[PDB]
Each structure stands twice: as C-alpha cells, then as structure tokens.
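First chain written, first letter: the chains are A, B, C, D, E, F, G, H, I and J, and each begins at residue 1.
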Amino acid sequence: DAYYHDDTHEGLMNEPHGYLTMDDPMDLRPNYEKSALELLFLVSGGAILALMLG
Amino acid sequence: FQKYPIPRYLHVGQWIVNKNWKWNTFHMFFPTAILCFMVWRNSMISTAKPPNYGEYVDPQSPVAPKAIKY
Amino acid sequence: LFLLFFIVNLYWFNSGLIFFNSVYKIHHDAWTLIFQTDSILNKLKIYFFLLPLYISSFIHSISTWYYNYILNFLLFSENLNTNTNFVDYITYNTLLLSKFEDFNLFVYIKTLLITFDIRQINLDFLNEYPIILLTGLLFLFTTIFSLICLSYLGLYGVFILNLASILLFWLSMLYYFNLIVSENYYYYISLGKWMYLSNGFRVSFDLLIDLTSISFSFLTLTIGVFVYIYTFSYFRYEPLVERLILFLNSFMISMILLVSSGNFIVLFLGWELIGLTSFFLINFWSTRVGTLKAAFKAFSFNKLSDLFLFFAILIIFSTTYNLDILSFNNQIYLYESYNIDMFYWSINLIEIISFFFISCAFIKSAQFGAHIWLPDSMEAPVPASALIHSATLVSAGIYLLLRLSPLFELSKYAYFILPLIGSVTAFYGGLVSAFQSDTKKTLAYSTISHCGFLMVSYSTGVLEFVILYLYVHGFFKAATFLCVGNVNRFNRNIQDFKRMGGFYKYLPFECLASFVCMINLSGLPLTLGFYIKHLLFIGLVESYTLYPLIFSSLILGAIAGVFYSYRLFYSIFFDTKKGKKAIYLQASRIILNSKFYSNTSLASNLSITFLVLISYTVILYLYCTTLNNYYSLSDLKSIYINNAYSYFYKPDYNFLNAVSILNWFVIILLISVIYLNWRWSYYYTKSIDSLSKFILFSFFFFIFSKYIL
Amino acid sequence: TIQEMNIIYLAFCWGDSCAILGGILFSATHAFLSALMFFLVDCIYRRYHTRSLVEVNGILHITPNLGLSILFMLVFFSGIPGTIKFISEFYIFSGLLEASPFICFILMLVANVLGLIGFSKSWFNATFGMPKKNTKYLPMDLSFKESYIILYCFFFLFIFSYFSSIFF
Amino acid sequence: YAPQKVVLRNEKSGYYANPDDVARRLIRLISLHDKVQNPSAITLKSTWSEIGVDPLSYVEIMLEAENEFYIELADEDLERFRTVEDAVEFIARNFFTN
Amino acid sequence: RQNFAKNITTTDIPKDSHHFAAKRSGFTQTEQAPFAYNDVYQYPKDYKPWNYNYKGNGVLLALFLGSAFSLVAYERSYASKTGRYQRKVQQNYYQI
Amino acid sequence: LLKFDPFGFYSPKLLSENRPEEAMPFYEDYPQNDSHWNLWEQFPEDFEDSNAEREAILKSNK
Amino acid sequence: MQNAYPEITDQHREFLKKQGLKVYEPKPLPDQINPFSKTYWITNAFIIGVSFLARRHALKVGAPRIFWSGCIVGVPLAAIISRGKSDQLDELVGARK
Amino acid sequence: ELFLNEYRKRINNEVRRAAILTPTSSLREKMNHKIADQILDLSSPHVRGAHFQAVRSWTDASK
Amino acid sequence: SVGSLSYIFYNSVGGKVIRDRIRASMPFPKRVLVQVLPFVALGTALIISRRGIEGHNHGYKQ
C-alpha cells in the first residue's frame, strides 16, 4: 500500500501476549483444584482406554 | 483501521504476529498430516467402490446383495 | 572405533546368517553341525563364528522373556515361566539357531528402506482408495488447530498453514472430480460406527463422494480457495484477519461435510454446522449489536430449517428404519402408495416428507418469503458474503433436491411448488437487484433470483441443467463479489454506488474483471449464463396450471440481469464522479506514482484472474460432458427421464421462434439501457444521431449479410 | 431445565416400553447440560457481579474463554448430532412421531425453534456487544478450574455417544 | 512490535488532522462563497457575521465543508460553532477528518 | 479472605530487588517515609504467559502407555474370545 | 485496561503487592483467583523445625 | 441368506467372459492399508520415532508439541480401531464374511 | 424384536450394497426381483423399528 | 487413593513458575517418584479392573 509500516517498526503490532488463564503464575497457594480436575480428566481417559476401547 | 494499543494481560488475537511462526507452522502442519494419514488408513479399511469399467457383478457371487432366508 | 567395530560385526553376522541359511534349508545340516557333539574344539567352533548369531540370539532370549513378564504383569496370563528356571530357557533359546532361518540382515534393511518409497505409489491405488479424504481431514484439522493455536501461529503462520491445507485439498479434489464426473467413479467411505439412535441401531459417520457430492464440493472448494487467497488482501490491516480466515475455513469444511453426507445424520450435522458457521461469519463484527440482529435472523431461519429437516428425517426413519441416503433413494418408491394419519388428515407419505424437505430447502436456498435473511446477511465481510451467496449456504437446498431426487419425482407437492416458487423467486430477486444501489445487496438479490432459477431448473426434470446453472452462477457470482469487495474497500466501506464513479482509472483490473464476470453472470447473449438460461427455458414444462404466472415471472427475471449488471458496472466505474473528494484526491497524488502503485492487491488481482480462468475451464468441461452430442456424464441416479434433451438436440421451429422472442426482448433492453439519456448532456443530440445511424447500419448489415453476399 | 425435564418425563408415560432408554439418556444429557449452563451463569455472576442481560454484555471481548464457552454451550444445547442431546431427541421424537405425529411436530416446533430462539437471543446478546462501562472493574479470563469443568462437560456430552448400545 | 511492557494511550497533540491545514482548507472553502467579499479579512478569531456569512450561507458553507473533509457535522455542533477557530478545532479533533 | 502463608519453605520466591530502590538520603521535611520492601517478582526468561509452559513428558508417556495397554489387552481379549491363545492372522484382509 | 497487570509479567509486581497508604493497614491484595481449594502449608520433607531459640535459651538458663 | 438376484447361466457367464468382461471380486487391502502387515507396523514405528524427534525439536524452538504427542498417542489408538473394525463380523458393501 | 430390527437393518444394508455394485440402469429390476418384497415384509407393523412399543397380542409375542 | 493423593500433593505446591522451580530443585529419584508414583498406582488399578472384566483364564483354547 501507499505508506506501510513493517512489523519490526510498528509500535502497535503485538507479539503474542496475555495470560492464558486467571491463575497467577507466581501463586504461592497449595491450590489443588486444577490438579484434581486434571486427575479427573486423566483417570476418565484411562478408564475409557483400559476398560472400554476394545 | 488505525492500530490502537491492546492490553498486555488480555489473551486476544488482535494484531498478533509471532516472530517464530515458521517453525510453528511446520510443527502444526506435519503432525496434523500424520494424524490425518492414520485416520485415512482407518477409514480406507471401510471403503466401498463400484466395479470398474468392463467389470460386472456375478449375481451368484457372495459379493452380490443377498436376501434374508426366513 | 565404534563405527568400524559395528561394520565388522554386521559383516560377520551377515556372513554367519548366509552360512546358516544356505546350510539349513535342505534339512541335512539343519541340526547336525549346529549343536554338534561337544568336542570342545567343535564347541568353540560353533560358539566363536556363529557368536554374532548366538549373542544376538541371547538378546532375543532375554528381550522376549522380560517382554512376556510384562504381559504377565499387565494381563495375568501364562503363569509366567514356572516350568523353566531361567537357566534352561536361556540355554535352550540361545543355542537354538532355528530362529535365524531364511533371514538375512541386509535383506531386512532393504525391506525397511523400500517401505517408504514414493515412486511406487501408482495411480490405481489413488483410483481405488480416495486420497481426497486425507486432504479433507488435513484441511479440517488444520483449521481446528489454528483456531485453538491462534497465538503459536501469527497472521502469517495461520495464513500459510491454512493455505497449504486448502491447496492440498483442492489439488486432491481436482483429480477425483475428473474421475467422478467423467469415468463414473464414486466412493462410500465409512468412518467407523458413530452413535446409537434406536434400540440395537447404530448409525455410522459415512460419506458419499459421488457426482452430486463432487460437484457441490468442488465448486465450494474452488470458490473457497480463491476467496481465501483474496481474503488476506481484503482484510489487510484489520485486527482479526486470522479470525476471518478461520471462520471462512470452518464454513467451507462444514459445507464440504454437508454435501458429502452418506447418511441423513451426517446431512443434519452438516446442515447445523453450515448454519452456525454462517451465523459466526455474519456476526463477525461482534462488537456491533446491529450485526447481531441480522446474524440472529439468519440463525432463526437456520433453526427453522433444522426443525424441518429433523422432522423429515424422523418420518423417514419411522417409515424405513434406515438413514443411509443410497438405500433410502433406491427404496422410497416402495412407499409411494402410503399415507400417514396426522391428526384429522391422511397425508400421503411422499407428500409430507417432500413438503418438509422442500420447506427446509426453500429457507436455506433463499426463496420468496424465506429470502428476507439473505439481504440482511450482507453485514458479513465480502469474502464471507462471496462464499455464502455464490455457493454453499444458498446451494444447500439445491443439494437437498438433487441428493433426494427419487423422492421429489413422486411428489405432487414438489411438482406444484418447485416451478411456481422458483419462478416467483427468480422474478422478485432479479427485479429487486435491478433497482438496488448497494453492490452487496444487488448481488444478494441476484443470488436470490438465480436460486429461484435453480429451483425452476430442477422442476424441469433435467439435473444436468441444474448442475450447469449452479456451477456457472457460483463461479461468476463469487468473482463479482470479490470485485465489488475491492471496490467497496477502495470506497472506504461505502457500498452504495451513488457515492462512486470514475473508478475505472483507480481500479482498472477491477473494472475489466467485473465487466467479464457481469457479462457472464447476467446471462447476456453469447455467454455461459446465456447458455444456462437457454437450457432452463428448453426444459420448462408447460403442463402447470399456473404456467402463465410461472412463465411471465421467468421471462421478467431472465431479462432483469441486463439491468443490474449494467447499472452496477457503469455506476461504479464509468459514471460521473459522485464520490467524495477525499477518495479520489488522496489516491492520485504525484508522489504515489510508482511501479508499485495499486489501489488493490497484486494477490487479489491474481486470485480473481485465476478464479475466472478456472471457472471458464470447469464450465467448458461440464458443457462438453453434458451438452455435447456424445453424452459423457456419469450416472445421476435418477430414473425419471423426460424429452427435454430433444429440444436441445433436434428443436422445432416454434421453440426457436420463442427463444428468438426472448433474445429480441433482451436486445431491446440493451438498446434502452445504452441509449436512454436520463440527464442533460452535451452529447444528447449526438447520442440520438448515433442511435439512428446504428439502426440504419444494422438494417443494411442484415440486408447485405443475408441477400447480397 | 423445566423444558428438558418435561421432555424426559414424557418418555416415561408409556410404561416399560422402549421409551425409557431415551428417558435415561436425556436424563444424563440434561444433567450435564444444566450443570454446564448453571456453571456458566456462576462464572458470569462471579466476574461481572450480575446475571441480567441489561447489565452485562460483550463478554467475548473482555473474557474470551467465557464467551467461547457460552457459544459452544449454545451449540451443544441446539442438539448438534455429535453429542448425546441429539440422540435423546431422536429417541423420544421418533417414538412420539409414531405415537402422535402432529403432537410430535408441535413439541419439536415449540421446543427446538421458539424456545431455542429465545434461549439463543438471551445468550447471544450477552456474548456480543461492547463492555464499555466500568472498565476499571472489568474481570479477567476463565481460571483453570472453570475451564476444565466446562471442558469435562463438553467431553462427556461428546464421548457418551460412544457408550455401549446394549443398554441404550 | 509491542515493547512487551505496558504502554498507555498516547494523546499526542490532540489533533487527528493538521490544524493549520484544516484551517487553510476551511478558509479557502469559505472564500469560494459569493457573499464573502474579502478572503484576506478571514481569521480564525473572526466571526461568521464579521466575515459576512448569514445563517443560510453558513449552512451551505458547512455542508460543503462536510463534503470536503469527509465527515458529517451534527446540527447541534454546527450551531455550537461561534468562530472559524471553533470550527477548525472541531474538525481537526474529529477522528474521521480526511 | 485468603489466609495462607506467603512465606513458603519448599522454595525461594524468584525476586528482583534492584527494580525499585528505596530512598535513603536527601529527604525533605514534607516527604513521606520510604518503603521497606521493594522486591518484585522475576519471571523466567523463557516463560510464555499465553500458553501451557508444560515441558515434561509425563502426560504423553502416561497416555501412550495406556493406549499400548489397551492395544495388548484388546489383542488378548480377541484371542480369548476366538478360543485361541494368540490371534490367527489371515493371509488376506478385505474391506468391510 | 492497558495498565492492568495483576501477575507482574509485563508490569513488575511487588512481593508486598501494594504500597500501603499512610492511613490504611498493610492488608494484602485480593487475588484474581479467590479459590479456597488450598491444602495446609506444605513444607519440604525432612524439614528441621525444632524450636532452636527456646532450646538455646533453656540451655543457657540450665 | 439367499442370492436376492435373478440367476444367470454358466453359458451366459462364459459368453460374457468371451466378450472381454471380467467378474467383479473384492481385492485384498494393501500392506499399507492392512493393519496386520509389517509395512503398516514399520510405518507406525517410523511415525513414533519422527514424532519423538520432532517433539524434541519443538521443545527446543518453542513450537507446539501437542500435535506430535497426539500422533504418538494415536498410533496405537488407530491400530486398535482398525483391528476392531476388521474383526467385527458386520459387513457393509465389502467382501462377504 | 431386536432380531426383526436386525432383519430390516440387514435388508437396508443389502440395498445399499446394490446401490453401489449395480448401476441405476438395471438396479430396480434386480431389486424388485426379491429384495422389495422382503423390504415390504419387514415394515412398520411387522417390526418395531424406532417405535416405542411393538403392539403385539399375546399370540404374536408367543410366535 | 495413593495415586490421587500423590498427584495432587506433588502438583499443587504453587503456581506454574513456583512448581517449575520446586520440581527443578529436586534430586532425580524425587522427580522420578513425582512422575512415576501417580501413574503406576492408577494404571495398576485399571489393569486389575481389566483382568476382572476379562476371561483369559478359560481353558477351552487351542
């Protein structure tokens, strides 16, 4: 186009950013809700695989 | 439209450019191709095609459609 | 050191294997020398040069053993090896060389290497096993993963990944398109059992790649490829170009799934998917509730279509206990003489199913009454509108009619509703498009008119004409949509051409390509649109009770293409400068003069050029496959054959004179649009003089070319 | 929830015929769908401190994960064939159509069109728009707990279609 | 690219178009009117009555200014303008001025 | 309200104590007292907040081993249901 | 919204998490995730936590 | 089950063979497609190896590893599904059991 | 009841097979030979299909 | 129970960065235990269930 600013010189061409979730990366709590839900997901997947897949 | 600032904390895709997008494209295309190849083999196990040119179906062959014997 | 020792050991092992195999085969040295009778010199003889064979065997003695233990741990079987003590099993297996029978080290390596050769792919394998499924899955999964990984892939990453997937899909689909259209190929691909639907009944996710499916899918995929390449240009400096691209890809794959359905459940899945993806495409400007209302009107109409389709499928299942489309089509004739006791009425079984399918088709493929969502669906970006209007969303009803052709052959409701509604819709759409000042609304009403014409063509009983009309309309409507989208972007999001004019200089390629695509789209004489409209009028049945209204509407809608095509082209490009001064002056500054100067994108220009070229090639191929003296099209799976091809092959004089009446109506309309002076001009007198001399020249040219020489 | 519960209760009005199968499947499907929808309402009320449509809109632009969850919840609630709501609808509606075709059409028209249109209108207006007011008080995106609960609801609604058909 | 740090909105000069260019274009457009006797007597501080512009002439001039500057001006804002300086300030601070 | 202990013992909080420097001289008669604690969190250099930073192989290995167990279990189940010890492989396999 | 950064990846975040006012107590900031699914405080295995101060003072007094 | 079609004579079949026609018969799956073949399992092993190497490379460069991991997980899943499909007694259009 | 539904499903599968192995030029004749009669035999009253209850008398259930 | 408790008590010691630091500051046997222990227990339970639902012990085989 007429007057184009490339990505390197653009001041508002964002690189990927943002927090993926609301969990604090530097959170010091022994919070286990995420671990419990991950365990639920993994055990459900394994039960489907190890009991029902074939 | 004129570019405007985007919050740093917001995980939005507005004017997002990844400087390493080539390797990401490689590692998101090729494994996807492999997965689709495996699914393609699995679905090609169950695939039906009509007879080719010059080929007819023998009505008494097991391939021919069958009727229920009551 | 390591490499040299490995090479020496491999050579020794291969020599030992050759010695053993060349001495074991004929069952004389099979055992005698192998476990020779002690004689410790002999023992070292057999344990020293067959040592590479023995040592490896020792590994085979310990690798399998532990492996079996793993199974014993994982499966609770075999009671492990209590019969042995690990001192008899190891000695027995290690000293037993019968494992190395007819086995060579280099031959195994060669077989490993030749298991990935691509020179032996062969063409019969491609014919027998459709690779198009692999590329379609690749496109679908790349689209989904790009939707999930919008941060790993930036603008360029998303564009390149989806471009590669879509190009592989298009290249794969061209070969199978040729095979299916010409050489009577089709495939039924079962992707495993999908889900239970009745007690003991399980439907499977099946796909049917046949003539109807390949036609719709190839049209959709070509339009989608050349819109996707164009989409990146149209959304140049917009916040969510990756989002627009992924929405387009999702809508494309939804339509491909819809047209490739093998069951009514995959059909309903594709219907709902195209509905929701169109809703998301229309509601691209999520920050606007003004877009939300239009997208929600489209969503409501799609939900009504889903209700009708679901009820029709439920009636089919309750009648036949079957959901396979092929089985339903080939056995629905048995249920013609059937009725359903619904409330106080006894409705014919075919009549009610056809009513529901036809309502579902009419809502999607916009017909009169149910069309009102399509003009409001222009809030979507231009690439989205091009995909929606050229094919896909408005061609879904045509796909419903073509896929279930045997059902609608035996329906009195279809016989009465398809031609009447089609002609009314064609007349309405063409007439309103002839009066629209917005470019996108003009093309939307043109799409409505051509959908009505497609309904009429289906009512004629000839499915080849339906396919030809669908292809021509889709290709040229998509190209015209891209051209008017470039025009709208140059005009800075003002779509009405009352603020345009003089854009030929600023948009030369757009002007010329739009001219070509409009003369093809509007069915002007000597063009493919003229051919498809002539074919439509060839097969139009005259036994309808409302034939006067039907034929009058068809004529008035067929003559309406000239008006909207001329108005759009001339007002956009060659009218006076009705636009704003900022549009013209900013793009005409002397500093901008360079070899890079362009008010559009080189990628947009190349995409439109290649789209037009491929459209011409495909339409010519279809014409040769259908309209030639040698009919080479594949089976359309329809047993209702009328005599409409007789008037195409050996017409009578009355039909030629009627089509001549239509041609002269078109000529008079061209004369009107070209020479009528609605405004004062310095050339007003000279325009009348030009008209007079043109009339006289035409008369004398007719006199000389017919009689004198 | 009232609509789904009445539909399920309809399937048990034919005694022990082959209609309780659809009732059981729809019971499970409505359990998961109601859990997901009330969890989404909980997330909205904890983020924006409101549930009314006139107070919160434009969730997709400030809380993209919540808006995506809302949209996919609507997709699942619309009886998409891949999930188990479509299976339950197929069972019950086939049985009712063979029992009473006109009443089956009336039930499918009112539930799957008018009710669905209203339900989507009240959710689409919340998902889209502009969250212009109270920019200082705008919340953050979805946490891992809520994201995983929503994903588990989606995963069950999808994968339960592959359960053994012996009992269905 | 973005500096990876939090960067706030830059108000800059507060004008989305050059104030001097907008003022000169507006004064040239005003001088085009038949009832404006002296273009050289037009100043930003000058009033419409001072430069001899009646309400109807002001309506015409403002409509042509809207056509020129690629914007539309509400009647309340147009009546809010008391001087050429006010008109130029409103046009230059408009985000859509072109 | 939250009542957990910020001063964890399992590890040391990654901190940057040089970003903010507390004032220690040149105070005026109306200035406020400086702040005692000025350490700020220091994220890893290769940390991306927009994705999962999971760089392990545990989940992949667990899923792969579960799938392999499913495969071998299905093989044994098919062998048993056919009345054999191991699957009998036919010389030719055809499409279903 | 532009300046909002509660986790301190783009705008540095104090361990004190806020500068207390000269008229307010040093209360912590409310976390973005107010989850109460927290275990008891986790200490490393083989953690020596004996009251060494009291033991030393008692030894001195003994 | 019965033949369901009007029977034709062996003389007619011989005449058709004389005219160049060939009787349609199902063809066995190729080693690539057959889930019980050394070629199939060598392809699976190659997929596993290249997927692990590409996971290493992606971790090095920050590219996603989730899709290569999905390939690794689905290599035995695809085999399970394929062999279950091949073992079931049901047929659709393919060779008769 | 499930076995009669299996009969209908098998006849539908054989119709699908005929739709692929036999072109439309001669499919309906071969279908009207034997298959169509069995399709009409395994119809809405004779098999439960998707219906809630297969309304059978005690004699029909015993048969 | 052992797998569920081990998975949570090892993967719920803090945020992402905190957990990464804690797991990095571990001996190799401790990391192996953190990974191997939660998987082995659940996998063995599922294997026991699979052997429960199966009949490989039937003697009428050839």
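List of remarks:
In this section, a residue touches a chain if its C-beta (ideal position, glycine included) is under 8 Å from a C-beta of that chain, and two chains touch if they have at least 3 such contacts.
Taking the mean of all protein C-alpha atoms as the reference point, the chain centroid lying nearest to it belongs to B. Compared on C-beta pairs in contact, F-J and A-C come out with F-J as the pair having more. A separation of 10 Å divides the Cα centre of subunit A from that of subunit F. Distance between subunit G and subunit J, defined via averaged C-alpha coordinates, is recorded as 32 Å. Between subunit B and subunit I, the centres computed from C-alpha atoms are 34 Å apart. Subunit D and subunit E, compared by their mean Cα positions, are separated by 54 Å.
The set of subunit B residues touching two or more other chains comprises 3-12, 14-19, 24, 28, 32, 35, 39, 42, 44-51, 57, 59, 63-68.
In subunit J, the residues that touch at least two other chains are 8, 12-14, 16-18, 43, 46-47, 50, 56.
Annotation for subunit A: residues 7, 10, 12-20, 22-34, 36, 38, 42, 46, 50, 53-54 touch two or more other chains. Here subunit C touches subunit F in the complex through residues 71, 74-75, 77, 151-152, 190, going by the rule given at the top. The part of subunit B that touches subunit D in the complex is made up of residues 9-12. Those residues of subunit H that touch subunit F in the shared complex are 26-29, 34-36, 55, 59, 62, 69, 72-77, 79-80, 83-88, 90-92, 94-95. Contact residues on subunit F toward subunit G in their complex (touch as defined above): 1-2, 4-6, 8-10, 13, 15-16, 19-20, 32, 35, 37-41, 43, 47, 49.
Interface of subunit A with subunit J (complex): residues 23-32, 34-36, 38-39, 42-43, 46-47, 50-51.
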